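Working notes, structure below.
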Amino acid sequence: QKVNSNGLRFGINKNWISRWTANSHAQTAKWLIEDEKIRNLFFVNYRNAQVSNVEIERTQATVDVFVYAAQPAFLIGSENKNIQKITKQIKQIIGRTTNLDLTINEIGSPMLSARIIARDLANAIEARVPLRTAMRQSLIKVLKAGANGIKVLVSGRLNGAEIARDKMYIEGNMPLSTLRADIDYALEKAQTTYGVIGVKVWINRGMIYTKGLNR
Amino acid sequence: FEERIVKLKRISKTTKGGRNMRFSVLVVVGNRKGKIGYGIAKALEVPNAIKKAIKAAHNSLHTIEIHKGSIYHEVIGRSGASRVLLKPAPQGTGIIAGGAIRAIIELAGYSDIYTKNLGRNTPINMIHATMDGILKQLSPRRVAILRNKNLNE
Amino acid sequence: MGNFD
Amino acid sequence: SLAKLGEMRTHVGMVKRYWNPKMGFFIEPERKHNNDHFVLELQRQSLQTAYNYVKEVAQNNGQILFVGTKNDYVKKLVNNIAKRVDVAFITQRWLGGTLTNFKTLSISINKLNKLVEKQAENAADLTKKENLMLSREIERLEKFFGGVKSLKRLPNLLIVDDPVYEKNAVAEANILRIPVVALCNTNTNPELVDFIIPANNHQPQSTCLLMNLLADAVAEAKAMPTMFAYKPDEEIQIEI
RNA sequence: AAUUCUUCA
RNA sequence: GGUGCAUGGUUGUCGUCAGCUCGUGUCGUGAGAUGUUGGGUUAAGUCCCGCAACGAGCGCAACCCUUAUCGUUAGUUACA
RNA sequence: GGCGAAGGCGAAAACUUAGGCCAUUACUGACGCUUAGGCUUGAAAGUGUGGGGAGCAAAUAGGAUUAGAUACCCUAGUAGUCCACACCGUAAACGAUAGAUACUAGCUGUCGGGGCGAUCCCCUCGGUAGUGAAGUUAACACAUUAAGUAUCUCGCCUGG
RNA sequence: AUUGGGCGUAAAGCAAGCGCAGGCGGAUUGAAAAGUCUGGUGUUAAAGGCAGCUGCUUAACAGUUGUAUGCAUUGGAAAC
């Protein structure tokens with residue numbers, strides 16, 4: 001029906017979430033498939049540290065990964081056994097003939113990233129919590145930080161079959177036709193006994209038009 | 001304030017494509033001591049409609065006093081072709097009325113009163129009939145002022 | 001409302 | 001006394017047989033000439049009571065609103081009163097929902113103040129096209145808010161030039177608890193206005209006399225000299 | 001001139 | 001393998017048609033109306049005017065790329 | 001616009017005949033209201049008896065269009081549409097509002113009477129109009145010519 | 001539908017009119033007492049309905065005390 005807002009601005013406002021290159025198209029497919037594994041690993045096995053996003057910076061026979069989150073604490077742990085652990089699951093996907101340096105950092109004012117919003121909504125929905133209170137608390141909390149409008153909606157079975165009441169909330173200013181508004185998007189799946197629930201979140205982090213070109 | 005709600009409807013306007021399901025709510029508010037009011041509102045979701053109804057009910061309050069805990073005369077609520085008869089009750093016997101009217105007259109601050117509906121059973125017009133029946137009454141001090149007598153003898 | 005004080 | 005009966009040389013007169021008989025009590029016996037003249041003692045009493053009420057509301061540090069919106073004349077009268085003696089005024093049409101709700105107008109007046117302050121601070125640091133657009137927006141905001149930019153709360157009292165032409169405004173005023181006063185034409189209800197002032201509204205000169213007298217009523221309470229202050233003489237000013 | 005459109009919500 | 005009459009995501013379509021609504025307020029005992037009405041110009045609920053409506057959101061215009069002008073930087077694997 | 005209780009009533013005149021309006025210093029003295037049963041009328045179609053057929057046209061014929069057309073279209077075409085003597089007693093016989101009575105804001109038209117008296121202007125009495133508060137009705141809407149406050153009596157209504 | 005509904009559009013105003021009977025009905029004055037007001041007398045079986053009390057291991061119940069209501073007769077006043 002409607003096009004995604006994140007993709008349209010790739011390369012004109014934002015930069016690629018992964019920055020890499022190789023020779024002609026003979027192993028670049030392997031490049032994508034092998035960095036996709038860690039990309040989905042950081043999102044699947046860690047849903048308790050609220051990672052904002054992952055940046056893959058891997059060059060010829062090297063690898064660097066910058067990661068941003070809000071509580072890196074569970075990523076590292078209190079005694080650094082997790083960092084050796086994370087290094088190892090990085091190892092079997094990257095190989096045994098390359099370095100494995102990496103770093104995790106804190107994102108300033110994390111309550112503006114759509115990824116943690118989607119994770120919070122998924123966690124709330126999966127535990128059979130009233131949807132109304134969930135969206136209301138999430139919307140009020142995110143708007144408390146101070147920004148433009150938020151577009152959060154849910155689709156799927158809500159405590160019953162024959163869904164005809166997918167809720168949709170919108171406030172502030174949400175211009176999708178604007179070629180750039182720094183409106184980040186996230187899509188997440190909440191797995192409940194009533195099938196899959198799709199949560200879509202749009203977060204607007206101010207206006208940047210008529211100023212600057214990249215980040 | 002106790003903020004009790006009564007029967008809610010399920011209404012929907014019709015446009016091109018499906019139907020705009022947007023139900024309405026009605027509510028009565030009172031402090032059980034003499035100040036009471038009622039309101040009706042509509043919205044897309046339950047909490048918003050409830051809050052709007054509470055606001056529109058609570059800003060539009062009106063005053064009524066308590067005579068020994070009950071009404072001392074009979075009133076016939078007559079509005080929208082819906083009569084309701086109110087007859088005085090003794091010092092105390094227990095509240096007797098219809099559910100909606102039960103809430104209406106309990107939240108006003110009365111002990112007990114004789115109540116019986118007539119005609120239709122539509123809650124909104126029933127509440128309006130209760131309102132104009134309870135409001136248009138007059139006090140013994142009123143007749144004392146307008147008649148040439150100090151005290152009603 | 002003759003008075004206003 | 002204020003508005004001496006001698007000054008009432010040309011104050012009475014009404015349209016031919018368009019009247020609510022509820023003004024039969026506040027009028028002379030029905031004249032055959034279809035221009036029912038008025039009773040001077042009651043209008044004097046009512047004007048004095050309005051004088052005292054305005055004195056009291058001004059003493060208690062209140063604000064009064066002036067509305068005047070006839071064809072060409074009364075708007076000019078209200079404009080001249082406004083620029084002559086300070087008073088809250090509305091020169092253009094009263095908008096539906098202007099007294100019963102304030103937030104929808106509080107936002108507008110605050111935006112007007114903020115952008116006019118910016119325009120004062122804007123010394124052509126922006127483009128000329130955008131400056132002209134902003135000036136046009138300021139004119140748009142001011143042409144409906146000619147005088148409501150200095151008061152930030154509801155008005156305690158106000159006058160109406162014609163109750164049958166501020167019907168929405170007077171209805172909203174009666175919805176709220178604040179009293180109102182007006183030049184009550186003999187075609188209204190003796191309940192829509194708390195202080196009845198019967199007078200003409202299509203004859204410019206009587207409206208001039210009464211608007212000036214009420215402006216003086218609010219002015220002399222401001223420690224400001226006035227001209228109708230128990231002055232037995234009068235003035236000559238005519239429409240054209 | 002100018003017609004009909006199978007039950008079930 | 002079944003269940004798109006359980007779905008998420010995605011897509012067609014009306015359709016790049018221009019409409020779809022909300023906060024507050026007013027009128028009607030009600031569903032609702034009022035804004036979105038009307039007069040003009042545009043492709044456009046774009047804008048203006050008056051108007052019991054005051055404001056607000058999405059959508060459309062806009063800001064992006066490309067072609068058509070020229071200047072500036074650069075000179076090869078063009079130019080010669 | 002008017003008249004008649006209703007249906008209805010519009011070329012002219014002759015005779016008889018119905019009711020109403022305005023003012024009454026005139027007269028009797030409540031003889032007034034309503035109406036079960038009863039009696040009189042009652043658009044239009046129609047029947048019986050005796051006449052007339054100009055036009056119009058149920059039924060019927062043919063010609064058109066349509067798959068069908070025993071219909072809308074056309075040309076023919078009879079009863080009937082008239083009068084006189086009898087009957088039928090039905091209609092959305094509607095103002096979808098029974099009759100009678102007094103009271104309850106206003107404003108602007110048209111008509112008959114009387115007064116002032118050139119029509120055209122004013123007042124007074126009655127009917128027919130339009131717009132309109134209170135009041136009322138479910139709203140639409142009524143509203144001095146009530147569907148308002150009320151009184152008197154008849155008939156009628158109780159899910160399809 | 002006496003306390004307790006309607007007949008413009010939801011069922012219901014007969015097509016209209018003349019009207020016997022019946023019902024309703026202006027004001028003064030006296031009388032009358034038919035209704036209407038009302039003192040007294042007599043009666044309305046018991047049980048049961050109701051209000052107190054006693055007893056059955058206690059209510060169930062049984063008993064006891066009192067309890068309205070209508071009607072005749074008689075004496076008084078005359079707003080309608």
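Just so we're on the same page: first chain in the structure tokens is A, next is B, and so on; residues restart at 1 for each chain, and ligands are numbered from 1 in the order they show up.
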Item to complete: May I ask you to extract the residues of chain F within 9 Å of chain B, using only C-alpha atoms (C1' of nucleotides), and to give them as a ChimeraX atom specification?
Response: /F:29,31-32
Could the residues in this selection be saved with N, CA and C atoms (P, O5', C5', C4', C3', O3' and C1' of nucleotides) as a PDB file, in the first residue's frame?
ATOM      1  P     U F  29     -33.271  19.635  21.638  1.00  0.00           P
ATOM      2  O5'   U F  29     -32.361  18.413  22.110  1.00  0.00           O
ATOM      3  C5'   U F  29     -31.881  18.327  23.444  1.00  0.00           C
ATOM      4  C4'   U F  29     -32.070  16.942  24.010  1.00  0.00           C
ATOM      5  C3'   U F  29     -31.468  15.802  23.201  1.00  0.00           C
ATOM      6  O3'   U F  29     -30.088  15.610  23.462  1.00  0.00           O
ATOM      7  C1'   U F  29     -33.699  15.271  23.771  1.00  0.00           C
ATOM      8  P     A F  31     -25.586  12.140  19.325  1.00  0.00           P
ATOM      9  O5'   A F  31     -25.581  11.154  18.072  1.00  0.00           O
ATOM     10  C5'   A F  31     -25.421   9.755  18.250  1.00  0.00           C
ATOM     11  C4'   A F  31     -25.929   8.975  17.063  1.00  0.00           C
ATOM     12  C3'   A F  31     -25.251   9.257  15.732  1.00  0.00           C
ATOM     13  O3'   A F  31     -24.019   8.572  15.588  1.00  0.00           O
ATOM     14  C1'   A F  31     -27.598   9.234  15.436  1.00  0.00           C
ATOM     15  P     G F  32     -23.014   8.973  14.402  1.00  0.00           P
ATOM     16  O5'   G F  32     -23.211  10.546  14.260  1.00  0.00           O
ATOM     17  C5'   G F  32     -22.805  11.235  13.087  1.00  0.00           C
ATOM     18  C4'   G F  32     -23.823  12.273  12.691  1.00  0.00           C
ATOM     19  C3'   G F  32     -23.266  13.598  12.194  1.00  0.00           C
ATOM     20  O3'   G F  32     -22.909  13.562  10.822  1.00  0.00           O
ATOM     21  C1'   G F  32     -24.929  14.008  13.817  1.00  0.00           C
TER      22        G F  32
END
Discussion item. Among chain B, which ones does DSSP assign to helix (DSSP H, G or I) (computed from the backbone)? Answer as a ChimeraX atom specification.
Written reply: /B:46-59,99-106,123-135,140-146
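Neighbouring residues of residue 1 of chain E at 10 Å or closer, counting only C-alpha atoms (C1' of nucleotides) and skipping chain neighbours under 6 positions away, are residues 65, 66 and 72 of chain G.
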Output file for the residues above (N, CA and C atoms (P, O5', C5', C4', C3', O3' and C1' of nucleotides), as a PDB file, in the first residue's frame):
ATOM      1  P     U G  65     -41.600  -2.046 -36.615  1.00  0.00           P
ATOM      2  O5'   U G  65     -40.853  -1.957 -35.213  1.00  0.00           O
ATOM      3  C5'   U G  65     -40.191  -0.764 -34.816  1.00  0.00           C
ATOM      4  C4'   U G  65     -39.999  -0.722 -33.321  1.00  0.00           C
ATOM      5  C3'   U G  65     -39.556  -2.026 -32.682  1.00  0.00           C
ATOM      6  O3'   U G  65     -38.159  -2.237 -32.787  1.00  0.00           O
ATOM      7  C1'   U G  65     -41.346  -1.105 -31.443  1.00  0.00           C
ATOM      8  P     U G  66     -37.578  -3.719 -32.997  1.00  0.00           P
ATOM      9  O5'   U G  66     -37.819  -4.426 -31.592  1.00  0.00           O
ATOM     10  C5'   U G  66     -37.286  -3.872 -30.398  1.00  0.00           C
ATOM     11  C4'   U G  66     -37.892  -4.515 -29.177  1.00  0.00           C
ATOM     12  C3'   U G  66     -37.972  -6.029 -29.204  1.00  0.00           C
ATOM     13  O3'   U G  66     -36.738  -6.658 -28.914  1.00  0.00           O
ATOM     14  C1'   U G  66     -40.037  -5.162 -28.485  1.00  0.00           C
ATOM     15  P     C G  72     -51.884   1.499 -25.453  1.00  0.00           P
ATOM     16  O5'   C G  72     -50.671   2.378 -24.903  1.00  0.00           O
ATOM     17  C5'   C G  72     -50.805   3.153 -23.721  1.00  0.00           C
ATOM     18  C4'   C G  72     -49.466   3.631 -23.212  1.00  0.00           C
ATOM     19  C3'   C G  72     -48.682   4.542 -24.142  1.00  0.00           C
ATOM     20  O3'   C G  72     -49.115   5.889 -24.080  1.00  0.00           O
ATOM     21  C1'   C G  72     -47.249   2.870 -23.275  1.00  0.00           C
TER      22        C G  72
END
Could the residues of chain D that have an atom at most 8 Å from chain C be listed as CSV, each with its closest atom pair and the distance in Å to one decimal, counting only C-alpha atoms and ordered by chain and ascending residue number?
residue,atom,partner,partner_atom,distance
D:53,CA,C:2,CA,8.0
D:56,CA,C:4,CA,7.2
D:57,CA,C:4,CA,7.4
D:60,CA,C:5,CA,8.0
Can I get the selected residues back with C-alpha atoms, as a CSV table (one decimal), in the first residue's frame?
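selection_9.csv, written as the output of this step:
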chain,number,residue,atom,x,y,z
D,53,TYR,CA,-21.0,49.3,37.3
D,56,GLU,CA,-16.8,49.4,40.1
D,57,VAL,CA,-15.3,46.9,37.6
D,60,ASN,CA,-11.5,46.2,41.0
Worksheet entry | Near-segment 50-59 of chain G list (9 Å; only C-alpha atoms (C1' of nucleotides); drop same-chain fewer than 4 positions) as a list in words |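 Counting only C-alpha atoms (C1' of nucleotides), the residues come to residues 77, 78, 79, 80, 81, 82, 83 and 84 of chain G.
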Those same residues, written as a PDB file, in the first residue's frame with N, CA and C atoms (P, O5', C5', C4', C3', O3' and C1' of nucleotides)?
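Wrote part_22.pdb, looks like this:
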ATOM      1  P     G G  77     -64.954   5.445 -36.696  1.00  0.00           P
ATOM      2  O5'   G G  77     -65.463   4.467 -35.547  1.00  0.00           O
ATOM      3  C5'   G G  77     -65.872   3.142 -35.848  1.00  0.00           C
ATOM      4  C4'   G G  77     -65.644   2.216 -34.681  1.00  0.00           C
ATOM      5  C3'   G G  77     -66.207   2.681 -33.347  1.00  0.00           C
ATOM      6  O3'   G G  77     -67.592   2.418 -33.212  1.00  0.00           O
ATOM      7  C1'   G G  77     -63.984   1.940 -33.048  1.00  0.00           C
ATOM      8  P     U G  78     -68.630   3.632 -33.035  1.00  0.00           P
ATOM      9  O5'   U G  78     -69.560   3.171 -31.828  1.00  0.00           O
ATOM     10  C5'   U G  78     -70.417   2.046 -31.960  1.00  0.00           C
ATOM     11  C4'   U G  78     -70.424   1.202 -30.710  1.00  0.00           C
ATOM     12  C3'   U G  78     -70.936   1.876 -29.445  1.00  0.00           C
ATOM     13  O3'   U G  78     -72.349   1.914 -29.369  1.00  0.00           O
ATOM     14  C1'   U G  78     -68.928   0.729 -28.969  1.00  0.00           C
ATOM     15  P     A G  79     -73.085   3.128 -28.616  1.00  0.00           P
ATOM     16  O5'   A G  79     -72.937   2.776 -27.068  1.00  0.00           O
ATOM     17  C5'   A G  79     -73.662   1.698 -26.495  1.00  0.00           C
ATOM     18  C4'   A G  79     -73.102   1.301 -25.151  1.00  0.00           C
ATOM     19  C3'   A G  79     -73.132   2.365 -24.067  1.00  0.00           C
ATOM     20  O3'   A G  79     -74.396   2.477 -23.436  1.00  0.00           O
ATOM     21  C1'   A G  79     -71.003   1.345 -24.110  1.00  0.00           C
ATOM     22  P     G G  80     -75.096   3.915 -23.266  1.00  0.00           P
ATOM     23  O5'   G G  80     -74.045   4.767 -22.425  1.00  0.00           O
ATOM     24  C5'   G G  80     -73.704   4.409 -21.093  1.00  0.00           C
ATOM     25  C4'   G G  80     -72.438   5.098 -20.648  1.00  0.00           C
ATOM     26  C3'   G G  80     -72.507   6.616 -20.564  1.00  0.00           C
ATOM     27  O3'   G G  80     -73.053   7.064 -19.337  1.00  0.00           O
ATOM     28  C1'   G G  80     -70.557   5.971 -21.745  1.00  0.00           C
ATOM     29  P     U G  81     -73.872   8.443 -19.263  1.00  0.00           P
ATOM     30  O5'   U G  81     -72.764   9.566 -19.484  1.00  0.00           O
ATOM     31  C5'   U G  81     -71.735   9.782 -18.529  1.00  0.00           C
ATOM     32  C4'   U G  81     -70.748  10.814 -19.016  1.00  0.00           C
ATOM     33  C3'   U G  81     -71.353  12.127 -19.494  1.00  0.00           C
ATOM     34  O3'   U G  81     -71.620  13.026 -18.432  1.00  0.00           O
ATOM     35  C1'   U G  81     -69.802  11.339 -21.098  1.00  0.00           C
ATOM     36  P     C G  82     -73.129  13.290 -17.942  1.00  0.00           P
ATOM     37  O5'   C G  82     -73.867  13.851 -19.236  1.00  0.00           O
ATOM     38  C5'   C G  82     -73.626  15.171 -19.695  1.00  0.00           C
ATOM     39  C4'   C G  82     -74.816  15.718 -20.443  1.00  0.00           C
ATOM     40  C3'   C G  82     -76.138  15.712 -19.691  1.00  0.00           C
ATOM     41  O3'   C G  82     -76.288  16.784 -18.780  1.00  0.00           O
ATOM     42  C1'   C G  82     -76.475  14.796 -21.823  1.00  0.00           C
ATOM     43  P     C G  83     -77.227  16.605 -17.486  1.00  0.00           P
ATOM     44  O5'   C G  83     -78.690  16.397 -18.088  1.00  0.00           O
ATOM     45  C5'   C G  83     -79.365  17.468 -18.731  1.00  0.00           C
ATOM     46  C4'   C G  83     -80.645  17.027 -19.401  1.00  0.00           C
ATOM     47  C3'   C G  83     -81.728  16.457 -18.504  1.00  0.00           C
ATOM     48  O3'   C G  83     -82.426  17.444 -17.770  1.00  0.00           O
ATOM     49  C1'   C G  83     -81.551  15.149 -20.465  1.00  0.00           C
ATOM     50  P     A G  84     -82.844  17.151 -16.245  1.00  0.00           P
ATOM     51  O5'   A G  84     -84.041  16.109 -16.371  1.00  0.00           O
ATOM     52  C5'   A G  84     -85.300  16.511 -16.893  1.00  0.00           C
ATOM     53  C4'   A G  84     -86.301  15.385 -16.876  1.00  0.00           C
ATOM     54  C3'   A G  84     -86.324  14.513 -15.633  1.00  0.00           C
ATOM     55  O3'   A G  84     -87.017  15.108 -14.550  1.00  0.00           O
ATOM     56  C1'   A G  84     -86.410  13.147 -17.558  1.00  0.00           C
TER      57        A G  84
END
Worksheet item: Leaving out residue 83 of chain B and any residue of its chain fewer than 3 positions from it, which residues lie within 9 Å of it when counting only C-alpha atoms (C1' of nucleotides), given as a list in words?
Response: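 Everything that qualifies: residues 76, 77, 78, 79, 80, 116, 117, 118, 119, 120, 126, 129 and 130 of chain B.
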Write a file of the just-selected residues containing N, CA, C and O atoms, as a JSON list (two decimals), in the first residue's frame.
[["chain", "number", "residue", "atom", "x", "y", "z"],
["B", 76, "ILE", "N", -43.43, 14.66, 38.38],
["B", 76, "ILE", "CA", -43.63, 13.84, 37.19],
["B", 76, "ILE", "C", -42.66, 14.33, 36.12],
["B", 76, "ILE", "O", -42.87, 15.35, 35.47],
["B", 77, "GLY", "N", -41.56, 13.59, 35.96],
["B", 77, "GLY", "CA", -40.62, 13.85, 34.89],
["B", 77, "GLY", "C", -41.28, 13.67, 33.54],
["B", 77, "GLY", "O", -41.77, 12.58, 33.21],
["B", 78, "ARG", "N", -41.28, 14.74, 32.74],
["B", 78, "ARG", "CA", -42.02, 14.81, 31.48],
["B", 78, "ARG", "C", -41.11, 15.47, 30.44],
["B", 78, "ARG", "O", -41.05, 16.69, 30.35],
["B", 79, "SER", "N", -40.38, 14.64, 29.69],
["B", 79, "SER", "CA", -39.50, 15.14, 28.65],
["B", 79, "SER", "C", -39.27, 14.05, 27.62],
["B", 79, "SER", "O", -38.95, 12.91, 27.97],
["B", 80, "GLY", "N", -39.45, 14.40, 26.34],
["B", 80, "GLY", "CA", -39.25, 13.45, 25.26],
["B", 80, "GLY", "C", -40.21, 12.27, 25.31],
["B", 80, "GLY", "O", -39.83, 11.15, 24.96],
["B", 116, "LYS", "N", -41.01, 5.38, 39.93],
["B", 116, "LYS", "CA", -41.52, 4.43, 38.95],
["B", 116, "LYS", "C", -41.51, 5.06, 37.56],
["B", 116, "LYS", "O", -42.07, 6.14, 37.37],
["B", 117, "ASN", "N", -40.89, 4.38, 36.61],
["B", 117, "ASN", "CA", -40.84, 4.88, 35.24],
["B", 117, "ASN", "C", -42.16, 4.63, 34.51],
["B", 117, "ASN", "O", -42.92, 3.72, 34.83],
["B", 118, "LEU", "N", -42.42, 5.48, 33.52],
["B", 118, "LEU", "CA", -43.55, 5.34, 32.63],
["B", 118, "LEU", "C", -43.06, 5.48, 31.19],
["B", 118, "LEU", "O", -42.00, 6.06, 30.93],
["B", 119, "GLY", "N", -43.83, 4.94, 30.26],
["B", 119, "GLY", "CA", -43.50, 5.08, 28.85],
["B", 119, "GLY", "C", -42.26, 4.30, 28.46],
["B", 119, "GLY", "O", -42.08, 3.14, 28.85],
["B", 120, "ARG", "N", -41.40, 4.94, 27.68],
["B", 120, "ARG", "CA", -40.22, 4.27, 27.14],
["B", 120, "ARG", "C", -39.20, 4.00, 28.24],
["B", 120, "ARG", "O", -39.27, 4.53, 29.35],
["B", 126, "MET", "N", -34.74, 8.98, 29.79],
["B", 126, "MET", "CA", -35.12, 8.69, 31.17],
["B", 126, "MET", "C", -34.36, 9.59, 32.15],
["B", 126, "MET", "O", -34.96, 10.16, 33.08],
["B", 129, "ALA", "N", -35.71, 13.13, 31.85],
["B", 129, "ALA", "CA", -36.97, 13.24, 32.57],
["B", 129, "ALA", "C", -36.74, 13.35, 34.07],
["B", 129, "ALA", "O", -37.39, 14.15, 34.75],
["B", 130, "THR", "N", -35.81, 12.55, 34.59],
["B", 130, "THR", "CA", -35.46, 12.68, 36.00],
["B", 130, "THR", "C", -34.94, 14.07, 36.32],
["B", 130, "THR", "O", -35.30, 14.65, 37.35]]
Fill in: Exercise answer, chain D residues close to chain F, 8 Å and only C-alpha atoms (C1' of nucleotides), as number ranges by chain
D: 95-98, 100-101, 103-105, 168
Worksheet item: So which bits of segment 17-207 of chain A end up strand (DSSP E or B) when you DSSP the backbone, as a VMD selection string?
Response: chain A and resid 18 51 to 57 64 to 69 103 to 106 150 to 155 168 to 170 183 to 192 195 to 204
At a cut-off of 10 Å, can you tabulate as CSV every residue of chain B near chain A together with its closest atom pair and the distance in Å to one decimal, using only C-alpha atoms and ordering rows by chain then number?
residue,atom,partner,partner_atom,distance
B:21,CA,A:165,CA,9.9
B:45,CA,A:132,CA,9.4
B:46,CA,A:132,CA,9.8
B:47,CA,A:132,CA,9.3
May I have the selected residues written with N, CA, C and O atoms, as a compact mmCIF listing (two decimals), in the first residue's frame?
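Written output follows (selection.txt):
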# COMPACT_ATOMS: atom_id res chain seq x y z
N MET B 21 -16.93 3.17 12.91
CA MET B 21 -17.35 2.74 14.24
C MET B 21 -16.83 3.71 15.30
O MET B 21 -15.63 3.74 15.59
N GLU B 45 -12.08 5.82 21.00
CA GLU B 45 -11.60 4.85 21.97
C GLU B 45 -12.34 5.01 23.29
O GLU B 45 -12.93 6.06 23.56
N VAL B 46 -12.30 3.96 24.12
CA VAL B 46 -13.00 3.99 25.40
C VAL B 46 -12.46 5.07 26.33
O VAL B 46 -13.25 5.89 26.81
N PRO B 47 -11.14 5.13 26.64
CA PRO B 47 -10.67 6.12 27.63
C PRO B 47 -10.93 7.56 27.23
O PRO B 47 -11.30 8.38 28.07
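Across the structure, atom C1' of residue 102 of chain G and atom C1' of residue 152 of chain G are spaced 12.7 Å apart.
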Discussion item. Rounded to one decimal, what separation in Å do you get between atom CA of residue 31 of chain A and atom CA of residue 99 of chain A?
Written reply: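 Distance between the two atoms: 16.1 Å.
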Discussion item. If we count only C-alpha atoms (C1' of nucleotides) and set the cut-off at 9 Å, which residues sit around residue 45 of chain F, ignoring sequence neighbours fewer than 4 positions away in its own chain? Please answer as a PyMOL selection string.
Written reply: chain F and resi 18-19+36
Output the selection as a PDB file, in the first residue's frame - N, CA, C and O atoms (P, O5', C5', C4', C3', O3' and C1' of nucleotides) for each residue.
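Listed below is the output, result_9.pdb:
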ATOM      1  P     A F  18      -7.902  15.246  -8.796  1.00  0.00           P
ATOM      2  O5'   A F  18      -8.370  15.553  -7.303  1.00  0.00           O
ATOM      3  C5'   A F  18      -9.746  15.524  -6.935  1.00  0.00           C
ATOM      4  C4'   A F  18      -9.919  15.243  -5.460  1.00  0.00           C
ATOM      5  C3'   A F  18      -9.549  16.395  -4.533  1.00  0.00           C
ATOM      6  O3'   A F  18     -10.341  16.325  -3.349  1.00  0.00           O
ATOM      7  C1'   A F  18      -8.092  14.566  -4.147  1.00  0.00           C
ATOM      8  P     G F  19     -11.837  16.910  -3.334  1.00  0.00           P
ATOM      9  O5'   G F  19     -12.733  15.648  -2.964  1.00  0.00           O
ATOM     10  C5'   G F  19     -12.935  15.274  -1.610  1.00  0.00           C
ATOM     11  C4'   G F  19     -12.108  14.071  -1.234  1.00  0.00           C
ATOM     12  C3'   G F  19     -12.165  13.666   0.231  1.00  0.00           C
ATOM     13  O3'   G F  19     -13.304  12.887   0.543  1.00  0.00           O
ATOM     14  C1'   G F  19      -9.914  13.757  -0.458  1.00  0.00           C
ATOM     15  P     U F  36     -12.831  24.739   6.343  1.00  0.00           P
ATOM     16  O5'   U F  36     -13.671  23.651   5.538  1.00  0.00           O
ATOM     17  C5'   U F  36     -13.277  23.272   4.222  1.00  0.00           C
ATOM     18  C4'   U F  36     -14.031  22.068   3.715  1.00  0.00           C
ATOM     19  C3'   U F  36     -15.553  22.164   3.785  1.00  0.00           C
ATOM     20  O3'   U F  36     -16.119  21.472   2.672  1.00  0.00           O
ATOM     21  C1'   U F  36     -14.825  20.306   5.044  1.00  0.00           C
TER      22        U F  36
END
Worksheet item: Which residues, written as a list in words, have at least one atom at most 8 Å from residue 69 of chain A, with only C-alpha atoms (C1' of nucleotides) counted and residues fewer than 5 positions away on the same chain left out?
Response: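 My list of contacting residues is residues 49, 50, 51, 52, 53, 104, 105, 106, 107 and 110 of chain A.
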Worksheet item: Given the choices A:148, A:103, A:159, A:123, which gets closest to residue 191 of chain A if the distance is worked out from only C-alpha atoms?
Response: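 Among the listed residues, the smallest separation from residue 191 of chain A belongs to A:123.
Coordinates place atom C1' of residue 59 of chain H at a distance of 26.3 Å from atom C1' of residue 46 of chain H.
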Fill in: Interface residues on chain F facing chain A, 9 Å, only C-alpha atoms (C1' of nucleotides), written as a list in words
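Going by the stated atoms only, the list reads residues 5, 6, 7, 8, 9, 10, 11, 12, 57, 58, 59, 62, 63 and 64 of chain F.
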